[PDB]
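Okay, so we've got the same protein chain twice, two forms, each given alone as structure tokens, structure 1 and structure 2.
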Structure 1
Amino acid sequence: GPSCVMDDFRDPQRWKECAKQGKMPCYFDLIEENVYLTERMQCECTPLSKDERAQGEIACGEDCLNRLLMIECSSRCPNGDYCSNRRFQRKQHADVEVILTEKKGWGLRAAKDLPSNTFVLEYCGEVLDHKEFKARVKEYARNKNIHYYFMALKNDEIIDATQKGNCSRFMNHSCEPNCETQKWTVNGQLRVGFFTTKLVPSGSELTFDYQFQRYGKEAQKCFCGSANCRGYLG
């Protein structure tokens, strides 16, 4: 159908008028970082030379101890600004577009080829404690037309993407997905991101397996079209 770049989502008034025309998804409150509703490690990498970086060597690449432990480097990194392990902080998300699919509503696609383990986008939302989550579950169990999406960070920290979020709201489900969520520590805070699990060619829909989040006592029929399709997302 039609397509949308992430900048289109940054003008609320132009967005609302495109959604009435069916040219953009339904309006929602866009946030580019988690909002908390209640007030709540150097790597052993050798800093790379000018000659090393030019010859193709990766600063805080696959061998970074921080990276292997899913910890981003701080501003105190030996590799400084050339450090490739500060993706959440530097907002180094993938080139992605929002597209209308045939059967699954709006979806996310790769606008460039994305190698395996590429940061796609952060899973953003309102972060809830115990009590707020309990009140929200109760409020949702009345509305019934509400499709609730939760991602636990830790026990007293649950991401709610149902009302506020970013374009990771458009990530559809697949039974044979090409993305996964990963939970990272970023300057002491737990953050979750979508990361590709294979090379995703340009134009390919970006998908994840919904079983790794908390969502709907309801069970939607599945149009992922995978050979291994389980028939439902419930």
Structure 2
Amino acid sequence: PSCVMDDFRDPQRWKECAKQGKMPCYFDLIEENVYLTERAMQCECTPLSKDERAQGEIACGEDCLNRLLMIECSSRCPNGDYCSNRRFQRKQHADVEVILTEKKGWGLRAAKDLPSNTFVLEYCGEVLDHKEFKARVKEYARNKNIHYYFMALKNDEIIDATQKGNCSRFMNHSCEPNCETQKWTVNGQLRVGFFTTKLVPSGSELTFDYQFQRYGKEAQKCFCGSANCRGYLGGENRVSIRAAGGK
């Protein structure tokens, strides 16, 4: 079973497909992070001429000062509409499908060949502070959830994609992955996105190394299948809830 990203745009049809095992369980699809508690930059690229645009030159490419510092451009970029460094904002995500794996739950797979260092998807969710994080830890333990969706963003910001997020919440862990996190500044705010680290052939599952900070009493077994698998999500050590959440 597999589905494409447009299948998640219609909640009623999605909920029906989920009841027949054709889509994962319903969640609230969001376009950007939602803060439970709200908290308290133009590059120097020379604008492309119309002829350079027509000949295929890239605006705000590899030499863009903002891109080099993992900062996206705004609407006021000197290249305006042509700026290629607004991928998070313009939802310029990779062509990926959501698939059912044999025993990891649902996962993500490439629907085309993905070049190295291709933006896949932003990891969106509800952003929690430490107090809200502990409340959700308790709730998900009481609910006996199997899958966990917490991503550390910065000191007192944990992204929780359990209830609200996007298809990035389906990326599974691998001990030998083909994607990574990158933290990007968008409008003075930090976001996390997934990016390939190598050429990913069409049909391949997309994975990243969770570097999981496990507070649970027991670690989940890892089924990534890599020759150098660590055996468990969390590895050897158990950490406290407070350390896992950024202390």
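When a residue number appears, read it as a position in the sequence of structure 1, where counting begins at 1. We call the rigid core the largest set of C-alpha positions that still match within 1.5 Å between the two forms.
- Rigid-core fit between structure 1 and structure 2: of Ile99, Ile146, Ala111, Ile71, the one residue whose Cα shifts 2 angstroms or more is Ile146.
- When the rigid core is held fixed, the Cα atom of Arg90 travels less than 2 angstroms between structure 1 and structure 2.
- With the core held fixed, the Cα of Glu52 is displaced between structure 1 and structure 2 by 2 Å or more.
- Shown is the Cα shift of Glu205 between structure 1 and structure 2 after rigid core superposition, which amounts to 0.3 Å.
- Per-residue C-alpha deviation between structure 1 and structure 2, core superposed: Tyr215, 6.9 Å.
- Relative to the superposed rigid core, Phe9 shifts its CA by 1.5 Å between structure 1 and structure 2.
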